[PDB]
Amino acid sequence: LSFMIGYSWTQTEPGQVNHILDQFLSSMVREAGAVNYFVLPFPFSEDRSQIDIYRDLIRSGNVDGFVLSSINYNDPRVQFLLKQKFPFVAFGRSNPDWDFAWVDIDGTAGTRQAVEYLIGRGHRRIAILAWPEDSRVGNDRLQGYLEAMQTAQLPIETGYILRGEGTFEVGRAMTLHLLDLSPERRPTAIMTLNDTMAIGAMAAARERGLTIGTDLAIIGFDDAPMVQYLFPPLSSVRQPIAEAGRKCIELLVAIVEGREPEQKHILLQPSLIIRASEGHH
């Protein structure tokens, strides 16, 4: 054993409000350290198909396993490591009946809970700022919305489901499009797939003279640092990134040391954070 776990992360877009690198990596580093392991960061290949670096690290004997993040459908990195029978844990699922060790956050449960909360306040025209169809995480989160709306038997309007990049600009543009609707057809609540989008929605609401919360409710996703300081403070879905980090290391170390548990699929639940004038419940 080299007592080292290889890790890499996708380049953070300049303009994204959330950076869970700190929560995830810090957590892994401290957890690994407790059991005498080190996390070895290596350059990420934006073209996930290029697995050369993985190939190199394996035969160099510099690591005993890998932790993968930013998992897409049919992830080439997952395919490769599976073929090589090399130890690894993916932080995020990929392809339904594709088998391997993983830790993930129940995105679906997150949005479902958020939507149920809005319905519980009496909201009936709820829209969502979602992501493209090729996004695994996006579909999970969107699914929760569909389920909650279906269960409450509320209309699921195609005009209320806008797909695009998770940016401030897109969030704002899509919301302005929705606010262009008359009071009768305009949604009273908007669910977004990340806080950056929610901020754009807040900007759009402000531009159109609507009071956030009262006239237009907004719930984001990933409870990025500082969203709590906005006015009104932003309600959002928080994911247990630190715990997920700890679970990844914990599961990979067990696999690397030959004592793989029967529970190689760890699904963690997110928490809905509702914020009012001050303090969240």
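Numbers follow the displayed sequence, beginning with 1.
Set 80-88 against 114-122 and average the Cα temperature factors; 80-88 ends up higher. Across the two stretches, 43-51 and 66-74, the PDB entry reports the greater mean Cα temperature factor for 43-51. Comparing the C-alpha B-factors of 56, 215, 243, 223 in the entry, the top value falls on 56. Of all the options 97, 180, 147, 195, the entry's greatest CA B-factor is assigned to 97. Among all modelled residues in this chain, the alpha-carbon of residue 227 has a temperature factor (C-alpha) in the middle third.
In the PDB entry, residue 60 places in the highest third of its chain by CA B-factor. Sort the chain's modelled residues by C-alpha temperature factor and residue 133 lands in the highest third, per the entry. Looking at the C-alpha B-factors along this chain, the one for residue 36 belongs to the highest third. The entry lists a Cα temperature factor for residue 219 that places it in the lowest third of the chain's modelled residues.
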